[PDB]
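Protein chains in written order, with the deposited numbering: chain F, 26 to 103, 139 to 509; chain F', 26 to 103, 139 to 509; chain F'', 26 to 103, 139 to 509. A prime marks a further copy of an entry chain.
Even for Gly, the Cβ is constructed at its ideal location relative to N, Cα and C.
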Amino acid sequence: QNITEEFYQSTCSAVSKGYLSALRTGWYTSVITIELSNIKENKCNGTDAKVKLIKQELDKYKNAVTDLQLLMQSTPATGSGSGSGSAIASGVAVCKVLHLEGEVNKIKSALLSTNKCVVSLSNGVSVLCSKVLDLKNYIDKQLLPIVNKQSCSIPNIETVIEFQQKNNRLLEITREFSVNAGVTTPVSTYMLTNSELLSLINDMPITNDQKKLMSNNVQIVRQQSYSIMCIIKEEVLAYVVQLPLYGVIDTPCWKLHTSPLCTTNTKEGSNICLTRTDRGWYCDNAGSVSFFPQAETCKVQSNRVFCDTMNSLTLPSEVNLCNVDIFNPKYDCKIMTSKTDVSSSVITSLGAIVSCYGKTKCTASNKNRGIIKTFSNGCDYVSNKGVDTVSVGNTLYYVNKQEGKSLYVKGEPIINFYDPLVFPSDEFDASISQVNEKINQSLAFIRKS
Amino acid sequence: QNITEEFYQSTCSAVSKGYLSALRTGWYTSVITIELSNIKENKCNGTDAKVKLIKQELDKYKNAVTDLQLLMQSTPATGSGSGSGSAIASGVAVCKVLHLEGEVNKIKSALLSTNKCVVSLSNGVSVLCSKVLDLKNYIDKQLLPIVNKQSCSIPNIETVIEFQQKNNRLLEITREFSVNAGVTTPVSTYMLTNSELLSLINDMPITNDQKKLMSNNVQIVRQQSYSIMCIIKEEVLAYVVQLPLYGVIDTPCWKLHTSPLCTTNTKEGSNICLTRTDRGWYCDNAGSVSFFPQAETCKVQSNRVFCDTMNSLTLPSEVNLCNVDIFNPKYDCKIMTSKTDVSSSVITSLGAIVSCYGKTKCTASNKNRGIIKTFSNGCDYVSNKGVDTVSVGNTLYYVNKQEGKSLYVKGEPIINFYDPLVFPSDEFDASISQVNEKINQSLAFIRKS
Amino acid sequence: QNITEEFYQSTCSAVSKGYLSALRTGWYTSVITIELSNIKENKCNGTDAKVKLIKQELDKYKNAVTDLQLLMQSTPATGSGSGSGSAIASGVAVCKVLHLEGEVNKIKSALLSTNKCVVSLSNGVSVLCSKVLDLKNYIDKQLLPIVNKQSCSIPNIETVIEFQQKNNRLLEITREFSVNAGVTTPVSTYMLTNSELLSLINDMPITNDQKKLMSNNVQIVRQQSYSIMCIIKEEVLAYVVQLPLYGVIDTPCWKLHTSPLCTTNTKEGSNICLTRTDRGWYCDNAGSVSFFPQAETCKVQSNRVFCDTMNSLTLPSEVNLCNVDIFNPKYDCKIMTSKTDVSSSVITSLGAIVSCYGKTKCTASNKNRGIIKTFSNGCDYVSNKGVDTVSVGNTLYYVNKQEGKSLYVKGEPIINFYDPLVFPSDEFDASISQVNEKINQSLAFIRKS
Ligand SMILES: *[C@@H]1O[C@H](CO)[C@@H](O)[C@H](O)[C@H]1NC(C)=O
Ligand SMILES: *[C@@H]1O[C@H](CO)[C@@H](O)[C@H](O)[C@H]1NC(C)=O
Ligand SMILES: *[C@@H]1O[C@H](CO)[C@@H](O)[C@H](O)[C@H]1NC(C)=O
């Protein structure tokens, strides 16, 4: 609920605390079926425009079914497979079951009397079935008596329009499945209406607090979901929707922000830099910390973070000590070094870190008062309380207007504890104790000779 | 207007000059409203197909409004926030104002008599208002007399069709806003027709030369714009369109192309490489140079470059001296080094740089004459005048057919001025003077022992 | 057909063999035309709803043509240009020909009598022409007699509906071309129906085995295609479709998987790591090996790999010896080193490599038996035969269920042949023989002093 920040002048890094967690750890597969009509082309003596329009829309239904047929002749399993495996792997497991004999018949039988069921497949997976569109009922009852005879009966213009409305959702689903090789993400309203999604959430074998969680963030749920095309078989079109399951909930999370920490010598060519690494989202997870390096693997909405553990890292709970004591031996606090003194800025949750070097004009202004702070050479921070923009050189960043308390922790910049001459000025991903050992090694290389 | 190129044999790099500039430095927010109809469901005795079709399309209007309602219950502010801040930050500032009382009433009053207005909000922002669709007028005048009574009146088939045409734009806007969590980019023709966009450009408080600039490049303007969902309130649907403002215009720009510069010893394992860094777009901006490292942050159309300063860098105007004298002390000309002699090629604006090493078959051919040039070991360049393709190994690159003059600047490759034994063969982002100091340091490590 | 795997305990890497190849080496351009109607607005005394609906849909046709007109006033050539050149370069060559006089007349004449032709342009390119929609015929025959007179004739509701159906494909094509600046990929069903694509494949001057190849993988073909907007001219709308040409077919391919290989000392701060580089897809191509570093540049479907040679590398056929003998001098087998002992896992084609270090809980379980293997410190591998998931820390990966034989090649991990004290613990992209020379250099730096 209450968001806070802490800027560490000593390491040129800030930590935004107070966020609650929702980590994806599992998948809920669910089958979405469309009852289709097995009709073959029935060309009849037809002339007046109502039969032509009906026959045209019927051909769009036929090409949509044959397009779905060449789509299932190839199950590419193209979703993920990026060394972290497939994400859709779980949903693919349901499609291989649907290809079994009698398996399309079980969901077709469970949905013989009701629209929404639960079906126990022949592999132990209890999936929830949904039937979102019924074209077999409409084509076999309202359309076949028009095209079945020798000469076509004249359908009313109302039938032509009602048939374009029902057939539309099928046509759009085949269009998405065609351009994406059967696997789509996010799940569009054609794949699942907000109304159908909320009905699937209410029926899940999950706690009521988790149903309130997923229902208040349906947009986040859509963006973290997959729609996988299954099978066209026995007057039934089936495709699987994989919805995220959040195994870690309401757990502490914080966000690390890092910026270069250089020396401010006036001699060009004589400055050395240092930047804490592993910036990003950290969350408590099962006695450890789940770290998320990729920026888009975590969507944040309203004080909670929605992450996917597929692309994360597991760190000891001691990783937090780099935020309070970077010189602490329980944890190997890693940095990267260079001699590149370029000014830059990072917009944090409650303020902005500014690393200003050289002649760069770094400043922070308010919309109505103008410039309220001019930064000197070095690394600094400013709160958003009273600040609107931060400009560094020719670049203007907008400060985030989130409410929260910020705390400035004064301290000596650690780049000053290093002798410039005996410094590793090209180490990437080096630990503090690792760098102290390389400094002990270059000073041993100068003492002996 | 006139595009030229310069290849530097000494550093294996080329510069494409002559481009004019258009840098995004600001945002213009504008409110786009849709007048809605506050109706509640009115189930009536209905049987004949025209009432059923009308009631179906009316339900799609109702679900679209409730879907927009759960979308504004969560303002995620998910656009950007990538350490450069939010891009949509400015547009979000307008949405927080719309949630104020009386604020939906001001734009609703300014648009009470005209379609397009200007409205001064209660926070000092003078936004331009547009009213693109009027469903309150259509539902309350043409539809309510059909559904208001006890039994429904029979609407003509013309009313059913005209209502599907007007309601369509609302349905597509909710579909885009649902899959993208309220923030879309680019701005589609459903969000804003080319006709409405041109009318917004003509009304902006900008110079006439800037209106000619944005109007001749509307496609670039759409791709650099954002559509942010605001509020559903008081029979008004409002969402903000953020259009780019180009503060830097008709300013000099050039593009740096770099390729590995290795030695051509015949001994495998004995070659060292060097590659100028910071390749990309450079533009004069306010006495400095704005450098763009990311490739997609700059779209080039017809001799002008359209960049976003949010992801750029500010460099001293002296950065140009790496293109004429890399050994010049006013600027720290940075390179990266390695021992990886792999052949490769870079398609420039007017030609192609080819770095050929080992047994790789590097060649450049014309469509009707065949191979017109065979490259030897080392780094070379060829103009597009008479050249169609360049093949390196099993890879074929197409040479850009842009008209312009190319200039070949002969010179000794600088990788030959370095003794291989005493070379830093793993430096990344190192300056020329930095490398000379490391060579002075490894030669001091061999002289003393 | 038969997929196999080989895990090398000595280098912590695995190779998935048995895949067949389809590399894109060329482009087939083809022109897709829409015959348009040159009509100007003809406002007439109109009141009853059928004329209003017709005039509304006619205005959507007019704005679509003018939107296409400002789209061709700017040919941005924004597709690619990423230093590998443009991909669309070949297709752009056809658009510059269409702007020639008489050139729209040749395809318009070849398609005067048939729907599908071949046309020899005035630049030697024999392109295949397709005419997918005929609006000039429909507007000039069925619509002009209604709007041509002084007062409008009353069209039937059937005409209003048939005109919305034909005009729809034009409107969707302008919507895609507007948001993407004239260059779209993949090619949607609006740009080309699966039926039109299959008819273009059958007519190509390619072998019958290649037509069977592209027809069985149309989804892969769409995802690797481009649609480029050409010209609006002389009652003809033309745009070019670039389809991939696979010059390398049924050639051997394998996939390299790599994972960190560290020492298992119990002392924190004392471990050194090593990881083979250049992981990805390798395919035999013209006596060499085409290597693909980017992960998305190769789509794999059903034992064959579909790669684009534009973003690839050419390696000596000897690159395979890093998979059997990394210490072999014919090839410089490159690695990268560090001191970062973080546990991680890689899902291979037939199993999973697990690098477990520190206190991380690495394990592999079966769905019904539970944990079937607990990994110790070091690098290991497990087959998918009997294994369902692999968990490392708080991350759970799904093992790929592809059928195939796996082979575990036991051997001493090479990180143990290196003395930790005299190790380059920050080399990136270093060769084995390069590292042995740096170890010979740091041992010479300690022997002399
Ligand atoms: C090297 O490490 C030893 C062990 O702590 C210490 O006594 C010595 O002062 C260090 N020398 C340096 C950091 O130059
Ligand atoms: C090292 O730098 C000094 C100062 O310019 C110079 O005199 C000397 O020749 C250099 N030695 C090298 C580059 O080996
Ligand atoms: C250095 O290389 C030489 C040449 O093969 C070899 O004899 C010597 O043992 C090496 N020394 C090392 C690897 O420490």
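At least 8 Å separates the CB of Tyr299 of chain F from every CB of chain F'. Judged by DSSP in its simplified three-state form, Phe435 of chain F adopts coil rather than helix or strand. For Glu82 of chain F'', the enclosing alpha helix (DSSP H) stretches over residues 74 to 97. In the DSSP assignment, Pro205 of chain F' falls within the unbroken alpha helix (DSSP H) covering 204 to 207. The residue among F:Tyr417, F:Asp448, F:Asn363, F:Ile332 with its C-alpha nearest the C-alpha of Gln494 of chain F' is F:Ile332.
Distance check between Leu258 of chain F' and each of F':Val296, F':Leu297, F':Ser190 places F':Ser190 closest, using alpha-carbon atoms only. With a threshold of 16 other beta carbon atoms within 10 Å, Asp440 of chain F' meets it and is buried.
Non-local C-beta neighbours of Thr311 of chain F'' in its own chain, meaning closer than 8 Å and more than five positions away in sequence, comprise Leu45, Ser46, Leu48, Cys343, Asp344, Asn345, ordered along the chain. Rounded to the nearest whole angstrom, the C-alpha separation of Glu66 of chain F and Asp73 of chain F is 19 Å. Nearest neighbour of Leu381 of chain F'' by Cα position, chosen from F'':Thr36, F'':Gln26, F'':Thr29, turns out to be F'':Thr36. Between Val154 of chain F and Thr50 of chain F, the gap from beta carbon to beta carbon reaches 8 Å or more. Ranked by Cα distance from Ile386 of chain F, the options F:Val442, F:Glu30, F:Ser182, F:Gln34 are led by F:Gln34.
Around the Cβ of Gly145 of chain F'', a 10 Å sphere holds 16 or more other Cβ atoms; the residue is buried.
Positions of the alpha helix (DSSP H) runs, each at least 4 residues long and wholly inside the stretch 194 to 243 of chain F'', are given as 195 to 198, 204 to 207, 217 to 239 in order along the chain. Not one heavy atom of ligand 1 is found less than 7 Å from the C-beta of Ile407 of chain F''. At least one heavy atom of ligand 3 falls within 7 Å of the beta-carbon of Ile499 of chain F''. Within the model, the alpha-carbon separation for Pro353 of chain F' versus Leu373 of chain F' is close to 8 Å. At a cut-off of 4 residues, the continuous stretches assigned as alpha helix (DSSP H) that sit fully inside the stretch 147 to 178 of chain F' are 149 to 158, 163 to 170.
When DSSP reads this structure, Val442 of chain F'' sits in a beta bridge with F'':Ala412. At least one heavy atom of ligand 1 lies less than 7 Å from the C-beta of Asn496 of chain F.
Note that the stretch 289 to 300 of chain F does not touch the stretch 26 to 33 of chain F; fewer than 3 beta-carbon pairs, one per stretch, sit closer than 8 Å. Looking at the DSSP output, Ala424 of chain F' bridges to F':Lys433, F':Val450. For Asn70 of chain F'', the secondary structure class from DSSP, reduced to helix, strand or coil, is strand. Residue pairing by DSSP places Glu31 of chain F' opposite F':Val40, F':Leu467 in a beta bridge.
In the three-state DSSP reduction, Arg339 of chain F'' falls in the coil class, being neither helix nor strand.
The beta carbon of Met251 of chain F lies closer than 6 Å to those of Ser287 in the same chain, with the five residues before and after it left out.
The continuous alpha helix (DSSP H) containing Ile261 of chain F' extends over residues 254 to 262. If you ignore the 5 residues before and after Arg364 of chain F'', its C-beta comes within less than 6 Å of the C-beta of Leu45, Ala47, all in its own chain and listed in chain order. Less than 8 Å divides the Cβ of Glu82 of chain F from the Cβ of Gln224 of chain F.
Only residues of its own chain outside the window of five on either side were considered, and among them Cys177, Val179, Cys189 have a CB closer than 7 Å to the CB of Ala170 of chain F'', listed in chain order. Bounds of any alpha helix (DSSP H) do not take in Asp368 of chain F''; it lies within the beta strand (DSSP E) bounded by 364 to 368.
At least one heavy atom of ligand 3 is found less than 7 Å from the C-beta of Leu503 of chain F''. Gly242 of chain F has its alpha-carbon roughly 7 Å from the corresponding atom of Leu96 of chain F. In the three-state reduction of the DSSP assignment, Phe387 of chain F' falls in the coil class, being assigned neither a helical nor a strand state. CA-to-CA, the gap between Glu472 of chain F'' and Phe32 of chain F'' works out to about 13 Å.
In the structure shown, the three-state DSSP call for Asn345 of chain F is strand.
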